There are 2 protein chains.
Amino acid sequence: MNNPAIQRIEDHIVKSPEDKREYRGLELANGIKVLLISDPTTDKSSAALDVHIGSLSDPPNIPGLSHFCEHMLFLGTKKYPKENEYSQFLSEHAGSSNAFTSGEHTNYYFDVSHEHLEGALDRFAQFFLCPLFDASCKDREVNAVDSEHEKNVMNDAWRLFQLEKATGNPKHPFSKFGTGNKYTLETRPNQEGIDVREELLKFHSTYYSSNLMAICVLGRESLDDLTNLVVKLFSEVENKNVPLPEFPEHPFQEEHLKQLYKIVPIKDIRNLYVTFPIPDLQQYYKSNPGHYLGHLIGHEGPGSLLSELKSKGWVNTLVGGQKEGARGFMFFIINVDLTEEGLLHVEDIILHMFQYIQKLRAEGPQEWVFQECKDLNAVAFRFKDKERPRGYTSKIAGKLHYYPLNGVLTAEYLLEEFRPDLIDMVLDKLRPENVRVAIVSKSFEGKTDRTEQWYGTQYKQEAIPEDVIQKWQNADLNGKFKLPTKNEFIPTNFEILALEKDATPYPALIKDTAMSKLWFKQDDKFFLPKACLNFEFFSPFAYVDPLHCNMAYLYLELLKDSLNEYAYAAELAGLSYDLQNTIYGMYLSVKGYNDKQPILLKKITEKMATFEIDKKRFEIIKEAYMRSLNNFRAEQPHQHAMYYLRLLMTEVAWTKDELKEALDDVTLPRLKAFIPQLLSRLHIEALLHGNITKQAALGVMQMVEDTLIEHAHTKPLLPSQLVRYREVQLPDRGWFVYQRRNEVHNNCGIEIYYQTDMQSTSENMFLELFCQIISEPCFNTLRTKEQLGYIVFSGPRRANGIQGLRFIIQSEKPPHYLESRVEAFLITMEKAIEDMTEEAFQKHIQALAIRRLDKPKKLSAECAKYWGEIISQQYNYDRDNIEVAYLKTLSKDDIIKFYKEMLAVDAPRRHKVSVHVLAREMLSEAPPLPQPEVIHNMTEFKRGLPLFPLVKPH
Amino acid sequence: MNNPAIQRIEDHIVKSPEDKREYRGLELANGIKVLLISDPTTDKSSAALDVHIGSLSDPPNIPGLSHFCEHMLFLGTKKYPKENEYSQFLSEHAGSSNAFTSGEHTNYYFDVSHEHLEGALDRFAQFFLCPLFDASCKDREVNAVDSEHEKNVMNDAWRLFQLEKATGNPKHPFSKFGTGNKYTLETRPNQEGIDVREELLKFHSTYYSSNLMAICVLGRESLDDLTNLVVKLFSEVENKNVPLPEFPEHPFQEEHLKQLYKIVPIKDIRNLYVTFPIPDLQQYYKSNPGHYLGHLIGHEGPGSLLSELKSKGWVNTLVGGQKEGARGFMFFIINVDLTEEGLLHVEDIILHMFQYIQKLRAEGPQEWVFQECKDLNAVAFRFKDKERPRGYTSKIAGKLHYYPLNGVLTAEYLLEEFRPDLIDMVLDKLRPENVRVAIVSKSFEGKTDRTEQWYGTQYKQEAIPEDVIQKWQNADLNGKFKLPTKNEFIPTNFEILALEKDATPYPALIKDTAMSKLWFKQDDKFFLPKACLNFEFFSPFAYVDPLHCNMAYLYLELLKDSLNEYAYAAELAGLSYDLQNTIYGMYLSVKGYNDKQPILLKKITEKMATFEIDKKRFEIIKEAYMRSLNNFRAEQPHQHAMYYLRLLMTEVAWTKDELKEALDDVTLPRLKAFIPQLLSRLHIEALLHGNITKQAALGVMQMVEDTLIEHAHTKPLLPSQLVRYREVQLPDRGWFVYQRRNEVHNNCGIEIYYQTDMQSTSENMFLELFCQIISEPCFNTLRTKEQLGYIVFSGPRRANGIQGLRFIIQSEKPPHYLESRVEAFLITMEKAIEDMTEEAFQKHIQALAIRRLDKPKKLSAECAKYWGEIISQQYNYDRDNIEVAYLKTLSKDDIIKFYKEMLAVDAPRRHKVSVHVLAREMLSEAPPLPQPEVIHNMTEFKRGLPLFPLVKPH
Ligand SMILES: [Zn+2]
Ligand SMILES: [Zn+2]
């Protein structure tokens, strides 16, 4: 009795009783699986389509095809032949899109204003119906892909990824190179007279079949309205009845096992990777055997494998569990980072792993463990935070390929039967004879003889000697390991407290003392049993010089290192914390189920106040911290650019260079002395937000205060005697340039900042609307058309109460060239703005309005919004509505005069600074530009300029 | 064979062989005594005339007449009838004048450009020849005198001064009131039909006789040229042959002795004053009996009376010795300040004094002591710093009344015969039966029954009970007192080191390390055996908050308290030091004979590095420091004004209020911990200047460095990681006002500041030339004519590399009235500047030029000049010549446009701040003024304004 285009309708989708969204699953006649989500409150609608095809289906001779195909779909269809019709449509309607390609999936997703779902969905639909694959774009777009590959080339994590593939069965599609590059997608095909367009076409035509598609749509419309919409657009996707690709034979056969790999890293990291090929456990998902094992082997704290490796001083962290491979095969991994001692005892570390493993084989599957994970996952599912539409649809679209419509939401959370046999079955794979081992360290440099061809990774490959293997097999039973004890952080009280009669819409100051200032709001819209607790501890000793900065950091690092064990239970139990040093002191934040927060917070605080440093932990953390600093040189050029601009523009800021040099002066006794000093006088400013009453909030603050007082004899620090850092004020018509060399990458990174003014309602919206207007043309001009690089970013930069327009680019091309093109782009944006209809202009205002008014869907997000106002000392909780009202009054002329005053090459109030990070080895008309003054010493540079006021609060 | 106008010529004046000035003494026929000083290098010439008449010669019914007469002489003579002819002449020729009246002297003095000595001396001469005593001025000027008295009314030191007089013989002229006021000089005389003008005339005519005059003149001209000059102008002063006043009978007879006075102070001070009437010892000056006694009784450190009173915790400081009375009588005094314990043990303190005294009577005069003082004074005289002309002439003119022409310079330094009998004679006066005692404390408030009539001082007068007196008489011998041991700081090496081949004209950076930066110059022009050693120790812990500021202060106070004893010998031996906390850390400076500097510096440094705090000293210093803070409220309104403007204009600055509140949190353990922290990391910047070689300079720096390293394990602090404080940048056309109440005085104090710009050669000279131009009209308009108060000051204000025009006034009238008159004055200065000849304008430029180019005459002064450049981090050692060259290029138009740009009521770049300090109880056309924004919170005020850059160094 259905619409003839619908094979089946699932009207009972299992969801959480907490979830007010309405859900209907469909199975279209053409095979498409569909989850429709009706949310009448949502400000943004969203859709995602997942093609169950990916890079593993690339033709042998055109590796990267499935990825290039992804890129191309954005760039024109027969119905919508404009190359950025899609992206320009989304931009002008508060929307955004993205997509990715893995081995078996290509997932495309967008969100958009709820009033324009049909229009966006319609343009989106055409990708799977009538792409153009325009030869004009094909040549240009290949660059973005190549640039995207070059982005990753020097990234350790992408290097390892690809190298594990090149070390398997060469025959197996697992071995193929996914990303592609100019060579694979252009050069090699041309040498050999192969038309990659005929190929994109043939690919799209053989694999882009309705029977391998899954869709998820979230809108305001009724499930019924949505159903007709989806059928209307998608029911006519051709079903090619292509068989779902399958990979039964494991890419790692015997001649690939019992192998050792010595790898040269880009960063100076010490890492041990231990891998076991396992069968695909996807089918056994309602008992989840690999995670049961992942949970135990990767467990942290008391008795765990990690505690031990930590105590011996070999390893700092550990990750264990199941790793996805592809339909037919998976991996089970144990990865750890190595201390200097660790690197010399790899063979024993591996022995200790097998001992832990042995204990499990002897002990057997534990009913209670599985039952505890089960109980946790269930609470997690029921009280799961409301998701952002874009991430939610994209995720669901992916999940539809693996689970019944009615189980698509609960799958991967809700376990059912315990299956001891399945656990045992996997456990049997975990053996020396089945192991691959990879050591990553610069202590291998110069002494490898192999180059992976896509990344150029340097490595040695050798067989683990039998005497070793056998030692591992003969791994006995270490009485030092032992099973996790019961989780006592498991929440039990989920009662949502009645809203108090006094409850406020925004956080209210309910305590204003010398020692503590306390902002509190009781949750009035999400109603989950969660709280967010944030504390900023202010002390001048935290940032007085590079040495105290180094000392505050190491103090927290060591505190966290000391708490891990105990806190790991809480983390499993959905109760998490973060602790970090700031330029004002320390930042402590607790989030999760409110129930047992007092227990963790009390322990955290008592801990800081009574901290006794272990000498060995100290020396290890400090070594790591040292490497961490040096390691910054291996970071992306664009991240260097953003880093130095930050340091440049703030009154006081210690560089990684200053910190490294002052680090040697840090010693255990000096640090020991430092702690009490740091703790002796403090001011605290807090936001306690969620399922809590005023009464409870104050009780929490008091525990924290009184704890510090009794254990570190803390006394108040008057807020008025706390210095706050100002932003550097650039001169009218000034242009400064700061130049550094990136010693790792062959791309340069540039950040161009045009300082405007102190933040205020008017200035903010001039800036943000101008940004909104150029946001997508920036992408379309500098990346799509000019193809200057994969990383091309424009937008608002805010700090220390000041703001301005920033551009960020990572490019093969040099900084002075980027500059000109950016300036060439600005001229263009001006004219485009003059020649803009009042209608296109109103769209943009409406676009930015929806983006700003789009409310947080969860507590932690709303909490972070509030925390931003507190941290900045602006306390502007109604900022969104006030700022959007002003925004709607702006006209084209407002924006023109703004640009001419602050942004034009010849603007009287142009305040430009550029940060050029040079690659290791270093069209529309661009204007003539002044000669920049070049900064050689950041300190001198700041001394010779004025500083801004601090923003007034509300 | 002399000029007939000269009775005698002394051509052998005893001077120091070091002194290149030429000296001739004359005795004019008319009785005038004269010292002529030829100095061909001097940039400024100078004269002083001392009339051996003062307030003790005031007529009974017009007290203050001799003082009013002084004032009036400045205001017109028959030859030069213009009321400010004199002062305007000096101003326009780089000169200045002042005068004072004591009991027996009226001393008038001026300096002026060396090229205009005759013209100035000529106008000056007329004061003693043909004053006008103009009725128009007489009425106006009385105000200045009254205002001058009101300035002093609330000053404890002037209150006590006058009260000791009102407590003597009422018959004796000593009892008269010196300053005068509107009442004595106008009101009472009018009630009783007495013409004070007939009186000024009669006074001048009976007492202003050549036979009571002494003159001293210092010029470039030859002694012969000077002789003719002096005779020309002064030989015709009428000799009235008036007998020199004499006061043989002591103003304190028996019925005035054995008295006790309980006095109520304005400040909260605890002071004990012990006084003995002695005979006049003026005649015994070449053995100096009262100073021999003054030296011993006032001695500090080992064995001394003070050490003991200190150890018992009663007294913090002590002053003892002879005090001038007037021809015929003197006093011998012992004054101490009291701790809280001290105030309850006054009677025992006094007993301990008499015990020390007893020891002296038993021990008898000590030949070696007198001989040691003798040797010291002789070195002091020989190596005396070259004096500034104005202070030198004024002093000499006074000295001529007491000593042979040929002994006028050496007198009071060079002793001759030891006279044991004279010592004994004075010592006999020092007895309980001859003592007056005065306790000054707020613990007397409300319970006195006497009012001194001139100051209104509140006090009780009672007779020391005989049982007490007798106890003092029965004072035995305390074995705890003991005679000063030999002074080992007595210098012995006076060799002046040859100037090195490399010697530089300005200090040169001869060391530039992480830990120490060292500026050094070898003296190339004074050639005395002296050095100046200045160290600024930089540490952030010194000013991080009010508590650390309080802690750095108390640390130094206690260090100095602990060193006194040991260092007092060095001080006697012309080797002095200063130690004080600064906003950047600590400041240490040593000056004097270079010989034994290393000994003192070594001891000072070792001391800081190894300081062990005594608990009792701590509690006492801290009490004092507490009182010190509160006591600030009793300071002059104009000093409050200058104080709050300073705090207002600097980025960071703790108020006396913040410091008092944070003081309670200071404790011995907290302070003990603070010291090592403070000393652990340091940067040092030093100027070592004088009779020292490069080699020696570096050796001194190294001792200081290595001392700290070995005793407080100091490590370097990178100069680049040291934050420096910026000045607040006021907005264009802004006007802020900060208002406070002075709770003691009945005058208000105002400081008006017009911020101009960052310092630079051009800006500096615009400012200083404008100041030079208005300097004297300011005085003549606001004080002389408008009579707004005694304190009326205009000039340049410099700080944190910024500058501006400041006006300071203390007035009966309210702040808003002062403001208008000041603004009324500015309009006037503008027109006056437009209507100014190029000739009057060039004079002003030439005036300011001479003032700026006038070189230091001694080492410590040149050293302070250099230190200013270092402390400010401008290092502009040639500043004077460079700035004067620019100054000579300026024109009237330059100054006009400057005024219109920065200073006019409607100037676009007017940056005005005012500080109004309200009295306890609160014509040319003034412009309309804006409504000021009023500052209620200095902190908020600074946060909302930008900050200036720091000046670039050279
Ligand atoms: Zn891509
Ligand atoms: Zn006077």
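Residues numbered from 1 in each chain as written, not as in the entry; some residues may be left out. Chains lettered and ligands numbered in written order. Heavy atoms only, no water.

Judging from the entry metadata, X-ray crystallography is the method by which this structure was determined, and 2.0776 Å is the reported resolution.

Caption draft 1: Summary view of the overall build of chain A. When helices and strands are tallied, chain A shows 30 helices and 27 strands. Each of the three principal axes of chain A carries a C-alpha extent, and together these read 75 × 75 × 65 Å. Looking at chain A as a whole, 60% of its 954 residues are labelled buried. A total accessible area of about 36,900 Å² is found for chain A, and carbon and sulfur atoms account for 50% of it. Taken together, the 114 basic and 133 acidic charged side chains of chain A have centroids lying 2 Å from each other. (Helix = DSSP H or I, 4+ residues; strand = E, 2+ residues; numbered from the N terminus. Buried < 20%, exposed > 50% of the residue type's maximum accessible area, 1.4 Å probe, protein only. Areas by Shrake-Rupley, 256 points an atom, 1.4 Å probe, with all protein chains shown as cover. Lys, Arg positive; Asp, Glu negative; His and termini not counted. Charge placed at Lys NZ, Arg CZ, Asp CG, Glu CD.)

Caption draft 2: Representation of helix α28 (residues 879-887) of chain A within the structure. All names here are of chain A. Among the residues making up α28, those that are buried are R879, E883, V884 and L887. For α28, the angular spread of buried residues about the axis comes to 115°, placing them on one side. Summarising the contacts, the buried residues of α28 are in contact with α24 (761-785), α26 (838-853) and α27 (859-871). (Arc of directions from axis to C-beta. Contact = heavy atoms within 4.5 Å.)

Caption draft 3: Representation of the coordination of the zinc ion (ligand 1). All names here are of chain A. Taken together, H67 (NE2), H71 (NE2) and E148 (OE) make up the protein donors of the zinc ion (ligand 1), found 2.3 to 2.4 Å from the metal. Within one chain, the residues donating to the zinc ion (ligand 1) are spaced in sequence as H-x3-H-x76-E. One end of the pair is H67 and the other is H71, both in helix α1 (residues 65-73) and four residues apart, which spans about a single turn. Taking the relative accessible area as the measure of exposure, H67 reaches 7% and is therefore buried. Taking the relative accessible area as the measure of exposure, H71 reaches 7% and is therefore buried. (Donors = N, O, S within 2.8 Å, 3.2 Å for Na, K, Ca; no water.)

Caption draft 4: Examining the pairing of strand β20 (residues 681-690) of chain B more closely. All names here are of chain B. With 10 of 10 residues buried, β20 is to be regarded as a mostly interior element. Here β20 shows two buried faces, one formed by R681, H683, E685, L687 and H689 and the other by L682, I684, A686, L688 and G690. Bridge count between strand β16 (residues 516-522) and β20: seven bridges; the pairing is parallel. Considered in β20, the bridge of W519 is made with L687. Bridge count for strand β17 (residues 530-538) against β20 is eight bridges, and the pairing is antiparallel. Of the residues in β20, the one forming a bridge with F537 is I684. As defined by bridge partners, β20 adjoins strand β21 (residues 715-716) across two bridges and the pair is classed as parallel. Bridge pairing links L682 to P716 in β21. You can see the chain leave β20, run along helix α23 (residues 694-712) and come back into β21, and the turn it takes is right-handed. (Pairing = 2+ DSSP bridges. Right-handed = clockwise from strand over helix to strand, strands pointing away.)

Caption draft 5: Seen up close, the coordination of the zinc ion (ligand 2). Residue and element names in this part refer to chain B. The zinc ion (ligand 2) binds to the protein through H67 (NE2), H71 (NE2) and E148 (OE); the donor distances cover 2.3 to 2.4 Å. Within one chain, the residues serving as donors to the zinc ion (ligand 2) are arranged as H-x3-H-x76-E. Taken together, the residues span a long stretch of sequence, with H71 in helix α1 (residues 65-73) and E148 in helix α4 (residues 135-153) at a distance of 77 residues. Each member of the pair, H71 as well as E148, carries the same accessibility label: buried.

Caption draft 6: Structural view of the UniProt feature "binding site: substrate" in chain A. All names here are of chain A. In the numbering used here, UniProt assigns the feature "binding site: substrate" to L318, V319, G320, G321 and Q322. Position of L318 among the secondary structure elements: in strand β10 (residues 315-326). For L318, a relative accessible area of 4% corresponds to the buried category. Those residues in contact with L318 that lie beyond four places of it in its chain are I297, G298, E300, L305, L306, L309, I334, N335 and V336. Among the structural elements, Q322 can be located in strand β10. Other than its neighbours up to four places away in sequence, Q322 contacts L281, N288, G290, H291, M330, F331 and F332. Only 3.2 Å separates the side chain of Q322 from the side chain of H291, close enough to count as a polar contact. (UniProt positions renumbered as here; feature names shortened; annotations may be inferred. Polar contact = N/O pair within 3.5 Å; in protein donor to acceptor, adjacent residues only side chain to side chain.)

Caption draft 7: Region of the structure containing the interface of chain A and chain B. Counting residues at the interface gives 35 residues for chain A and 35 residues for chain B. A combined buried area of about 2,900 Å² lies between chain A and chain B, and 50% of that area is made up of carbon and sulfur atoms. The largest share of the area that chain A buries against chain B comes from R681, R726 and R943 of chain A, three residues that together contribute 20% of it. Where chain A packs against chain B, one counts four salt bridges. A salt bridge links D665 of chain B to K715 of chain A; the shortest N-O distance between them is 3.3 Å. (Buried area = accessible area lost by both parts, 1.4 Å probe. Salt bridge = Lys/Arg side-chain N within 4 Å of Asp/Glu carboxyl O.)

Caption draft 8: Region of interest: helix α3 (residues 117-125) of chain B. With seven of its nine residues buried, α3 of chain B lies for the most part within the structure. Among all positions of α3 of chain B, only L117, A120, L121, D122, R123, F124 and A125 of chain B are buried.

Caption draft 9: Spatial organisation of the nonpolar core. In this structure, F535, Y555 and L648 of chain A together with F535, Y555 and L648 of chain B are the most contacted members of the largest nonpolar core, which totals 194 residues. Those residues in contact with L648 of chain A, other than ones at most four positions away along the chain, are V728, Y738, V913, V915, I935, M938, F941 and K942 of chain A. (Core = buried A, V, L, I, M, F, W, Y, C linked by side-chain atoms within 4.5 Å.)

Caption draft 10: Examining the relation of the copies chain A and chain B more closely. Taken as rigid bodies, chain A and chain B are interconverted by a rotation of 180° and an axial shift of 0.0 Å, the fit giving an RMSD of 0.0 Å. A rotation of that kind, with that shift, is consistent with a two-fold axis. Among all residues of chain A, the one whose C-alpha sits closest to the rotation axis is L947 of chain A, at a distance of 2.5 Å. When the interface residues of chain A are mapped onto chain B, 100% of them again fall at the interface, so both copies present the same face. (Least-squares fit on C-alpha atoms.)

Caption draft 11: Summary view of the environment of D424 of chain A. Residue and element names in this part refer to chain A. Tracing the chain through its elements places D424 in helix α15 (residues 420-427). By relative accessible area, which is 35% here, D424 ends up partly exposed. Along the chain, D424 and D156 lie 268 residues apart, while their C-alpha atoms are 34 Å from each other.

Caption draft 12: Quick look at the UniProt feature "short sequence motif: SlyX motif" in chain A. Here, UniProt's "short sequence motif: SlyX motif" annotation points to residues 812-817 of chain A. Split by type, residues 812-817 of chain A is 50% helix and 0% strand. Its first and last C-alpha atoms lie 10 Å apart.

Caption draft 13: Layout of the packing of aromatic side chains. All names here are of chain B. Applying the stated rule across the entire model yields 113 aromatic pairs over all chains. For the pair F535 and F537, a centre-to-centre distance of 6.4 Å together with 25° between the ring planes defines the contact as stacked. Taken individually, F535 and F537 each receive the classification buried, so the pair is uniform in this respect. Summarising the aromatic geometry, the rings of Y543 and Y725 are spaced 6.2 Å apart at their centres and angled 65° between planes, so their arrangement reads as edge-to-face. Of this pair, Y543 sits in the loop between β17 and α17 (546-572) while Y725 sits in the loop between β21 and β22 (734-741); the two residues are 182 residues apart in sequence, bridging distant segments of the chain. According to the relative accessible area criterion, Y543 is buried, its value standing at 6%. Lying across the ring of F252, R436 places its NZ or CZ 4.0 Å from the centre. In this arrangement the basic side chain of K656 is found over the ring face of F632, its NZ or CZ atom lying 5.0 Å from the centre. (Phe/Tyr/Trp six-rings, centres within 6.5 Å; stacked < 30°, edge-to-face > 60°. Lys NZ or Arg CZ within 6 Å of the ring centre and 35° of its normal.)

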